[PDB]
Amino acid sequence: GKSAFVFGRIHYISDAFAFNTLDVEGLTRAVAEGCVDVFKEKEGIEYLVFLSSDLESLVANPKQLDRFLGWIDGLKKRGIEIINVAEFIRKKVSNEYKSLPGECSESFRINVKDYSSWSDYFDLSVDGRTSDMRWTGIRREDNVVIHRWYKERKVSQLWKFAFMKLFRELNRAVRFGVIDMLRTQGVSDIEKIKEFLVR
Amino acid sequence: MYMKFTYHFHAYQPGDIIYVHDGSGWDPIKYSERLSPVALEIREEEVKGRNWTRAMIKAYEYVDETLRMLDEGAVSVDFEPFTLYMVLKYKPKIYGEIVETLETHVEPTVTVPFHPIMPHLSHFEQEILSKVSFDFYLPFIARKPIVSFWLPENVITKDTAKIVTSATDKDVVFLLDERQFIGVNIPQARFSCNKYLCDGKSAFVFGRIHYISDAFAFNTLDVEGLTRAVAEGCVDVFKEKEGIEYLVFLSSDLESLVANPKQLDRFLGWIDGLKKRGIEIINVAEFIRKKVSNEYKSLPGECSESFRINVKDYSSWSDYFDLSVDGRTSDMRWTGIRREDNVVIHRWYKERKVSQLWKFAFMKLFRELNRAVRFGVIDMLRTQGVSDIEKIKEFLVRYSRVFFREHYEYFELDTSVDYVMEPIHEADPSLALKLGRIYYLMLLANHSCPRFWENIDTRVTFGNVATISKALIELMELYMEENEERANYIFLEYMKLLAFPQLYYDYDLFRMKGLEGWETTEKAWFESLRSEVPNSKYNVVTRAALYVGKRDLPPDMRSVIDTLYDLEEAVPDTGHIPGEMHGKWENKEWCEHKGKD
Amino acid sequence: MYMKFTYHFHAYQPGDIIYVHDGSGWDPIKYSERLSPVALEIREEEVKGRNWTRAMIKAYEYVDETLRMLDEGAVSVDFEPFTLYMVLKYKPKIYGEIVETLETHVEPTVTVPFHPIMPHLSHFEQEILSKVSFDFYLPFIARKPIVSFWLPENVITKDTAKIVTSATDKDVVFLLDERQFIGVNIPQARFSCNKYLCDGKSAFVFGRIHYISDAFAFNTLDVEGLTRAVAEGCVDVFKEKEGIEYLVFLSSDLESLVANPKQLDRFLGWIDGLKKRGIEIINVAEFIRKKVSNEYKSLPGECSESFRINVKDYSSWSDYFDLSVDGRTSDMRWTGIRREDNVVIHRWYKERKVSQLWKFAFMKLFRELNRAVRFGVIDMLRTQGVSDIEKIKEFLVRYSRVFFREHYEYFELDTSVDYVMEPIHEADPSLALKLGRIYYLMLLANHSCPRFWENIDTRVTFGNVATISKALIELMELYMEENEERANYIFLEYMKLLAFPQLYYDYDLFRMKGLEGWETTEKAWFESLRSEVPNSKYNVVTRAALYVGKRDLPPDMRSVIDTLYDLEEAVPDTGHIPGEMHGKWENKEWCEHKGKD
C-alpha cells in the first residue's frame with residue numbers, strides 16, 4: 001500500500017565497536033577501505049555506510065566514548081562525511097546528492113525476510129540470514145527447538161515459546177476484558193476504543 | 001598483508017567449422033572453415049586471421065608472453081580441449097609455448113571438451129565428457145593430488161558435481177562465482193577455504209567477484225581503481241589482525257586479455273600494484289595446499305568438511321543478473337526461462353526486444369538429437385556383440401585419443417587402434433570407429449555458445465547445426481547399409497532441424513507464459529527466427545541443415561530438399577556475434593563466408 | 001410400481017475406409033474400402049457383408065424392426081453422424097427406416113461426429129464438433145426444449161461439458177455411467193432426477209448401471225435374471241410407499257442387439273417381463289418432463305439445481321475397472337496411464353502382457369497432428385483475407401453440410417456453396433473448400449476406437465492413420481503450390497507417422513513409470529509395435545502411412561520412402577479387433593484385404 005525506505009546495518013563492524021574487538025585504526029579501515037565502492041567514487045555518487053548499536057554500547061567499557069569519537073574523527077580525516085540516514089535520503093531526493101537511475105525510488109525496492117532481526121543466534125542460521133529463534137526458541141527453517149549454553153550446561157530454549165504463547169493469551173484476556181467492560185458503558189465502536197487506548 | 005590474490009583465465013574458441021569432410025572415423029576430423037577476414041589490435045600491432053578462430057590463435061601467443069611475465073604460480077588457466085587442439089594443428093609453435101606455460105608457470109585447470117552447459121546434457125554424455133576431461137589433461141595433472149576444474153559458464157548442479165568428482169581420484173576445486181553461493185551470505189563466506197558436498201565426496205570451492213573481474217575484462221576501471229577495489233575494497237580487517245591468510249579470487253575469459261589493445265599492460269600493471277601493497281599472488285591450488293600444510297594460519301575448521309557451503313543448482317558466472325529475483329545467478333541466459341516464476345524472457349538486440357523462446361526449443365531439440373545419436377551407437381554396437389554399456393562408455397572415452405590424436409601423441413600417449421578398441425575388441429573397428437566419430441561430432445555440436453547470445457543467427461549456431469547434421473546423416477547412412485527401417489528414425493531427427501520453426505507447435509510452446517506477456521506468441525517466435533543476412537531467406541537452423549544436406553544426403557533425399565527449398569540460399573553467412581564486434585572485420589555488417597576457391 | 005425403466009442404445013461404426021480418393025473438397029469424400037468378407041448371425045438368418053461395416057449396416061435393419069416392436073417413447077438412441085451417413089449411402093431404405101424411428105418412435109439422442117474422446121481433443125476441435133453435432137441432429141431435435149447427449153465412451157470433464165452445453169440453447173441431459181458420480185455415493189444418488197453444473201449452465205445427468213447393462217449386452221444373465229436384477233434389485237422401497245417415480249436407466253451399444261443371435265428376442269422378452277411387473281418403460285427426456293410438469297411426484301428439489309451432483313473429470317462408461325483405485329472409472333483405457341498413481345498399465349492380449357504405452361504416444365501425436373492441420377487451415381485462410389477466427393469456426397461448422405451433404409439434403413436443408421461460404425465469402429472457394437475437406441479428414445481420423453483395444457494392430461488404427469496421412473499430404477501439397485517452406489513443416493508431421501517407433505525416444509517415454517515396472521522399457525515399446533500380419537514387417541502406423549504415401553506423395557518423396565522401406569509390405573491387412581471375433585469372417589486369423597479388382 002505504502003513503501004518505506006530501508007537501511008541495513010553491517011553487523012560485524014557495529015559489534016566490533018560495541019564489543020571492543022577492533023581498535024580505532026581497525027574500525028576506521030574496516031569502513032574507509034573495506035566498504036569502498038570504487039565505481040560510485042568514480043561516478044561521483046553518494047552512498048551510505050550505515051551502522052547501528054544500542055546506545056548503552058557507549059558505556060560498555062570506560063573507553064567507548066573516546067573510541068567512538070576517535071573513530072568518527074578518523075573517518076572525517078579520510079574525507080568521509082558523517083550524515084544521518086534521513087538527511088542522507090533527503091539530500092538524495094533533493095538531488096543535492098547525485099544518484100543511480102531509480103535510486104530512492106520504487107524501482108530500487110528490495111525485499112526483507114519475515115521474522116528476521118538484528119540480533120538473532122547467527123551461528124544457527126541455515127540461510128545466512130537472521131530470524132527470531134532467539135525469542136521463540138524455535139528455528140523456523142527446519143521447525144526444531146534449539147538449546148543454548150548457560151553456565152557450562154546446555155539449556156533448552158523451550159520456555160521462551162511457552163512464555164510467548166502464554167502472553168498472547170494473557171494479552172487477549174486483558175484486551176477483551178477492556179472491550180467487554182467498555183461495552184457495558186455503552187461503547188460499541190471498537191475504533192473509538194482504539195483511539196481511546198491510544199490517547 | 002595477509003590477503004592473497006589470484007586470477008583464473010578460461011580460454012575457449014568454438015572454432016570456424018562450416019562443413020565437416022567425409023571420413024572413416026579412424027583419424028581426427030577434417031573440415032572446411034569459414035573465410036571471414038578479421039583482425040585484432042594488441043598494443044600497436046594488428047593480428048590478422050582468415051577467420052575469428054585463426055586471429056585468436058595468433059593472439060594467444062601474445063597472451064602467453066604476458067603470462068610468462070607474471071611470477072611462477074601466480075594465476076591458473078584452463079584451455080578447452082578442442083581449442084588447444086586447433087592451436088596445435090594451426091600453430092604448433094604457439095601450442096608448444098602454451099603447454100610449456102601450463103606445465104611449469106601457471107596452474108593448469110581441467111575443463112570439459114566442447115564447452116557444453118553440463119547440466120543441460122544427459123548424465124551419459126556428462127559422464128563421457130568428464131572422463132575425457134581428465135584424460136586429455138593427463139600431461140598437466142598426472143602427479144597432482146588436488147586439481148581445479150572449470151565447468152563451462154560455471155553452470156553447476158549437485159548431480160553434475162557428483163559426475164565430475166566421480167571421474168577422478170583427485171580432490172577437485174570448483175572455480176565458481178560468489179553469486180552462486182547459498183545457505184550463507186556473501187561477506188560471511190568470502191575469501192575463506194570452503195568445501196562443497198557432491199554426495200559421495202566433497203570438493204573445494206572458490207567464488208569469483210564478478211564486478212571486479214568485469215571491471216578489468218571490460219575496461220571500466222583503470223589500474224588504480226582495480227588496485228583499490230582489491231587492496232581496500234576486499235580487506236578483511238579481522239584476518240589481518242589475526243594473521244590469517246585469505247584469498248581474493250577473480251576470473252575472466254583469457255580472451256579478455258585482448259578485448260582491447262591495452263588489456264595486457266593493464267593486467268601487468270594491476271598485479272604490480274597489488275604486489276606493492278603487500279599482496280602475494282598465489283593460485284587457488286597452492287593457496288589450499290598452504291592452508292592444509294599449516295604454512296598458512298586457518299580459522300578453526302577451514303579447508304575441511306566443517307567449512308562446507310552450498311551452491312544453488314543451475315547457477316552460473318554469467319547469467320542475465322538484471323533479471324535475477326533472488327540476488328543469485330541461474331541458467332536463464334541459456335534456457336530462455338526464468339526458473340523462479342517460470343516465464344520466458346526477452347532481451348534487446350539491435351534496439352528491438354527479442355523473445356528468448358528459441359533457446360528453450362534449441363536446447364530441447366539437442367537433448368533429443370543427442371539421445372538419438374547415443375542410442376544409435378549403442379544399438380549398432382549391440383549388433384557387433386557388444387552388450388555391456390560400461391564397455392561402450394570406456395570405448396567412447398578412449399576414442400578421444402583418435403579425435404584429439406596429435407595432442408596425445410605430442411605427449412607420447414598411446415592412441416593406437418588396439419588401445420582404443422580394447423574394451424570392445426569383439427567389434428569390427430571399421431564400424432566402431434565410425435560410431436566413435438559420429439558420437440564425437442554430436443558432442444562437438446553441443447557448444448553452449450549459440451545460447452549465450454540474444455539473437456539466434458550467429459556463426460556458432462550455424463556450426464552446431466552443421467556439425468550435428470553431419471553426424472545424423474552419417475548415422476542414417478549406416479542404418480541404410482543394414483537395410484534398416486531405423487534409418488528413417490534418424491531422418492526424422494534431421495527433419496526436425498530442417499523444419500525447426502514447426503517446433504513452436506510441436507513442443508507446445510504456446511502453453512508457456514512470457515515475462516512481459518508476448519514472448520510466447522507465434523509472432524514473437526517467428527520474428528526471432530528471421531534471417532539476419534540478405535543472401536538467405538531461411539532461419540539459421542534450416543540454413544545450416546540445408547548447407548550440409550545438399551552436400552551429403554543420398555540423391556533421393558537431396559531431390560526432396562531441392563524441391564522444398566531454394567538451395568542457393570543455403571550459405572554459411574550469419575549475423576554477427578555481439579561480443580566479437582571489437583574485431584576489425586572485412587565485413588562488419590554480418591559474418592560472411594567468401595566462397596571462391 | 002412407481003419404478004420407471006428405460007434403455008439407451010448408442011450406434012457407431014468407424015467404417016472400413018482404407019484409402020480416401022483425391023477430391024476437390026466441393027463434395028463428400030469418396031474412398032476405397034477394405035474387402036474382408038464377414039457375416040453376422042441374427043436369429044436363424046445370416047447377414048453377409050463385404051466388410052464389417054457393410055454387414056453391420058444390414059444388421060441395423062433387424063435392429064430397427066425390433067425397436068419398432070417396443071412401445072412409443074420407451075427407449076432412446078443416438079447414431080454417430082458418419083455411421084448414419086454410411087447407412088444412407090449404402091442402404092438408403094435402411095436409413096429411411098431408422099430416421100422414421102428417430103422422428104417418431106424412440107427418443108433421438110445427439111452425439112459427436114467421428115466418436116473421438118472429447119476431453120482428449122483441443123477446445124477448438126471440440127467446439128467445432130459440438131456445434132456440428134447439434135446441426136446434424138436438427139431434423140430430429142428442432143422443436144425439442146430438452147435433448148439428451150451422448151459423449152463418446154461417456155468420457156467427460158467439466159470443461160468439455162461446458163463446450164457442449166454452450167453449443168445449444170436447449171437444456172442438455174448427459175447420459176453417463178453411475179461409476180462416474182462423485183461427492184455422493186451410488187445408492188444416495190440413484191434413480192433420482194439430478195443435475196450437474198457445467199459453469200454457465202447446468203445439465204441433467206443420468207448414470208447407467210453397468211453390471212446389469214453388460215449382463216444383457218454380453219449375455220451373462222437370462223431374461224428372468226435380467227428382470228429380477230431390475231424389478232427386485234433396483235427397488236426403492238421408500239419411493240414405492242411415497243408414490244415417487246424414479247428411473248432405472250441402463251445403456252449399451254446398439255450393436256449389442258446383434259452380439260449373438262438371440263439378443264433381439266432377449267431384449268423384447270426382458271421389456272415384456274418388466275412391464276408385467278408394473279414397470280412403465282419411459283425414455284429419459286420424457287421422464288424429466290413428467291417430473292418437471294408435476295405429472296410425476298418429486299422429492300423436494302428434484303430436477304432442480306438443488307439436486308446437483310458431481311462427476312469425476314475423465315471418468316467414462318467403459319474403463320478398465322479392474323484397475324480402478326477409487327471405485328470409479330477414468331480414461332486409462334485410452335491413455336494407457338492410470339492417473340491416481342501416474343503409471344503406465346499393461347493388458348493381456350493373446351495370452352501375453354502388452355504395455356499400453358503406445359496409446360499415450362498415439363494420443364499425443366494426434367494432438368500435434370490436429371493442431372498442425374488446424375493452424376494450416378487458419379494460416380491459409382489468412383492469406384485469403386480471412387482474419388477473424390470466429391468466422392473461420394463458423395465456416396468449419398457449415399462445412400459439415402458438404403461433408404454430410406446427402407443427409408442434410410434428405411431433410412431439405414441448404415448445403416449450397418453460397419450457404420457454406422457465407423462467413424468467409426471473401427475467400428476463394430476452391431481453396432476454402434479444400435481446407436474444409438482437409439480439416440474434416442483430420443476430424444474423421446480422431447476415432448477413439450484404436451485406443452479402446454489392447455493391441456495397436458487393428459483395422460481402426462490403420463484407418464485413423466491412413467485418413468490423417470491423406471489430410472497431411474494434401475495440406476503439404478497446398479503449401480508446395482505456394483512455394484512455401486511451410487510445406488516441410490507438414491512433411492515433418494507425416495514423418496512422425498512413418499517413423500512412429502522413434503517417438504519412444506523423442507517423447508521421453510523412458511521417463512515414465514510402469515505399473516508393474518516393465519511397461520516403459522524399450523523392449524516393452526518395441527514388442528507392442530510388432531506386426532500382427534505375416535505380409536507386413538512394419539508396425540501398423542508405419543504400414544498405413546506408407547500405404548497412402550506410396551499413392552499420394554510427390555515423386556521425389558515417393559522415391560525416399562521407396563528407398564527406406566519395402567513398399568510391397570504396405571498393405572491394409574491388420575490384426576483383428578477382439579470385439580469383432582463373434583463375426584463369421586472369411587479370414588478369422590487376421591483382418592484381411594482382398595486386393596484383386
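Note on naming: letters A, B, ... go to the chains in the order of the sequence lines (proteins, then strands), and numbering restarts at 1 for each one. The figures here come from the full heavy-atom set of this structure, side chains too, leaving out hydrogens, waters and symmetry mates.
- Look at B:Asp135 and B:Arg401 and you find a salt bridge, because one of the NZ, NE, NH1 or NH2 atoms lies within 4.0 Å of a carboxylate O, short of that distance.
- Here the closest heavy-atom approach between residue B:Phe411 and residue B:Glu103 is recorded as CE2-OE2, 3.3 Å.
- At a cut-off of 3.5 Å, with distance as the only test, a side-chain donor of B:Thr101 or B:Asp64 sits close to an acceptor on the other residue.
- The six-membered or imidazole ring of B:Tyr85 lies away from that of B:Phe136, with a centre-to-centre distance of 6.0 Å or more.
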**Message:** Quick one, B:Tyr95 with B:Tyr90, criterion ring pair (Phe, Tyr, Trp, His ring centres under 6.0 Å). Give me CA distance, side-chain angles, the key distance, then yes/no.
**Reply:** CA-CA 9 Å; B:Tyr95 171 99; B:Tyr90 176 42; over 10 Å; no
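- Side-chain atoms of B:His8 and B:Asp78 include a donor-acceptor pair closer than 3.5 Å.
- Donor-acceptor pairing under 3.5 Å is lacking for the side chains of B:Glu107 and B:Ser76.
- Note on B:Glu280 versus B:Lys4: salt bridge recorded, some NZ/NE/NH1/NH2 to OD/OE distance being below 4.0 Å.
- Between B:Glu97 and B:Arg68 there is no salt bridge, since none of the side-chain N atoms of the basic residue sits less than 4.0 Å from a carboxylate O of the acidic one.
- Heavy atoms of other residues, nucleotides or ligands lying less than 6.0 angstrom from NZ of B:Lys276 number 12 at most.
- To the nearest 0.5 Å, atom CG of residue B:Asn455 and atom CZ of residue B:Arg530 are 14.0 Å apart.
- Aromatic rings of B:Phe174 and B:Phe206 (six-membered ring for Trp) have centroids beyond the 6.0 Å cut-off, not under it.
- Formation of a donor-acceptor pair under 3.5 Å by the B:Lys170 side chain with backbone atoms of B:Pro145 is not found in this model.
- Checking side-chain atoms of B:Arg208 against main-chain N and O of B:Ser251 turns up a donor-acceptor pair under 3.5 Å.
- Remark: the B:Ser400 side chain and the B:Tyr408 side chain contain an N/O donor-acceptor pair separated by less than 3.5 Å.
- A salt bridge links B:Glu586 with B:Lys594: the distance from a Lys NZ or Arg NE/NH1/NH2 to an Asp or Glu carboxylate oxygen falls below 4.0 Å.
- B:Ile282 has its side chain within reach of B:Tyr296: a pair of non-hydrogen atoms, C-beta onward, lies under 4.5 Å apart.
- Side-chain atoms of B:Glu286 never come within 3.5 Å of backbone atoms of B:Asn283 as a donor-acceptor pair (strictly under, hydrogens ignored).
- Atom OG1 in B:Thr467 sits 10.0 Å away from atom CZ in B:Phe114 (nearest 0.5 Å).
- In summary, the side chains of B:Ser318 and B:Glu153 do present a donor paired with an acceptor at a separation below 3.5 Å, with no hydrogens or angles considered.
- Side chains of B:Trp52 and B:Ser36 form no contact here, defined as non-hydrogen atoms less than 4.5 Å apart.
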**Message:** Go through it in stages, so that I can follow the logic: the residues are B:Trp270 and B:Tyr7, the test is ring pair (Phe, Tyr, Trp, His ring centres under 6.0 Å), and I'd like the CA-CA distance, side-chain angles, deciding distance and then a yes or no.
**Reply:** CA-CA 11 Å; B:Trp270 187 13; B:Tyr7 220 92; 5.7 Å; yes
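- To the nearest 0.5 Å, the span separating OG1 on B:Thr415 from CG on B:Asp27 amounts to 9.5 Å.
- Under the 4.5 Å side-chain criterion, counting only non-hydrogen atoms from C-beta, B:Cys591 is in contact with B:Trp585.
- Between B:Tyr31 and B:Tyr19, the distance from one ring center to the other does not fall under 6.0 angstrom.
- The salt bridge (charged side-chain N to carboxylate O under 4.0 Å, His left out) analysis of residues 448-459 of chain B, with sequence neighbours excluded, yields the pairs B:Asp16-B:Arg459, B:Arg333-B:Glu454, B:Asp457-B:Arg543, B:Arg459-B:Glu580.
- In this structure, the ring of B:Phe462 has its center less than 6.0 angstrom from the ring center of B:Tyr547.
- A salt bridge is defined here as a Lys NZ or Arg NE, NH1 or NH2 lying under 4.0 Å from an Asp or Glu carboxylate O, and B:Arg228 with A:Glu33 fails to meet this definition.
- When all heavy atoms of B:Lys359 and B:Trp334 are compared, the closest pair comes out as CB-O, 3.6 Å.
- B:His21 and B:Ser32 share a side-chain donor-acceptor pair at under 3.5 Å.
- The neighbour count for A:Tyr47 OH, taken as heavy atoms of other residues, nucleotides or ligands under 6.0 Å away, is above 12.
- When every heavy atom of B:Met118 is checked against every heavy atom of B:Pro152, the shortest pair comes out as CG-CD, 4.2 Å.
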**Asked** Run the ring pair (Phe, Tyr, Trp, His ring centres under 6.0 Å) check on B:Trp150 and B:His10 step by step: do they pass?
**Response** CA-CA 8 Å; B:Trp150 185 263; B:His10 160 64; 5.3 Å; yes
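- Here B:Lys89 does not pair with B:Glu33 in a salt bridge; the nearest charged N to carboxylate O distance is not below 4.0 Å.
- In terms of modelled atom types and a separation under 3.5 Å, the side chain of B:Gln180 and the main chain of B:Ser315 share a donor-acceptor contact.
- With 3.5 Å as the limit, one finds no donor-acceptor pair spanning the side chains of B:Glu255 and B:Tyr12.
- Between A:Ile45 and A:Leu100, the closest side-chain pair of non-hydrogen atoms falls below 4.5 Å.
- Residues B:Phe362 and B:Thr461 are in side-chain contact: their nearest non-hydrogen atoms beyond the backbone lie under 4.5 Å apart.
- For B:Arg50, the CZ atom counts as loosely surrounded, since its 6.0 Å shell holds 12 or fewer non-hydrogen atoms of other residues, nucleotides or ligands.
- Judged purely by distance below 3.5 Å, without hydrogens or angles, the side chains of B:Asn154 and B:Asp177 never pair a donor atom with an acceptor atom.
- From B:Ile209, atom CD1 reaches atom CZ of B:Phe249 across 10.5 Å, with rounding to the nearest 0.5 Å.
- At least one donor-acceptor pair closer than 3.5 Å links the side chain of B:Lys58 to the backbone N or O of B:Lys48.
- No donor-acceptor pair under 3.5 Å is formed between the side chain of B:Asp214 and the backbone N or O of B:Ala217.
- The closest side-chain donor-acceptor pair between B:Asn446 and B:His120, if any, does not fall under 3.5 angstrom.
- Ion pairing between a basic and an acidic side chain is recognised when a charged N comes within 4.0 Å of a carboxylate O; B:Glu592 and B:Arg34 show no such pairing.
- Both tests do not hold together for B:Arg328 against B:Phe181: distance to the six-membered ring centre under 6.0 Å, angle to the ring axis within 45°.
- We find that B:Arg347 and B:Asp322 are joined by a salt bridge, their nearest charged nitrogen and carboxylate oxygen being less than 4.0 Å apart.
- B:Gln263 and B:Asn260 form a side-chain donor-acceptor contact under 3.5 Å, judged by distance and modelled atom types alone.
- Expressed to the nearest 0.5 Å, how far CD of A:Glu41 lies from CG of B:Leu221 amounts to 11.5 Å.
- Here the shortest heavy-atom pairing between B:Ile279 and B:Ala231 reads CD1-CB, 3.7 Å.
- Taking a cutoff of 4.0 Å between a charged side-chain nitrogen and a carboxylate oxygen, B:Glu46 and B:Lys584 qualify as a salt bridge.
- Taking CD1 of B:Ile146 as the start and OG1 of B:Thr168 as the end, the distance is 11.5 Å to the nearest 0.5 Å.
- Look at A:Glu43 and A:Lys40 and you find no salt bridge, because none of the NZ, NE, NH1 or NH2 atoms lies under 4.0 Å from a carboxylate O.
- Remark: the backbone N or O of B:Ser252 is not paired with any side-chain donor or acceptor of B:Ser256 at under 3.5 angstrom.
- The shortest non-hydrogen separation linking B:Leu250 to B:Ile212 is CD1-CG2, 3.6 Å.
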**Item:** Evaluation steps, ring pair (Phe, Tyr, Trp, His ring centres under 6.0 Å), between B:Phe134 and B:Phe149
**Value:** CA-CA 10 Å; B:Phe134 293 107; B:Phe149 192 99; 5.6 Å; yes
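- In this structure, B:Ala74 and B:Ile281 approach most closely via the heavy-atom pair O-CG2, 3.5 Å.
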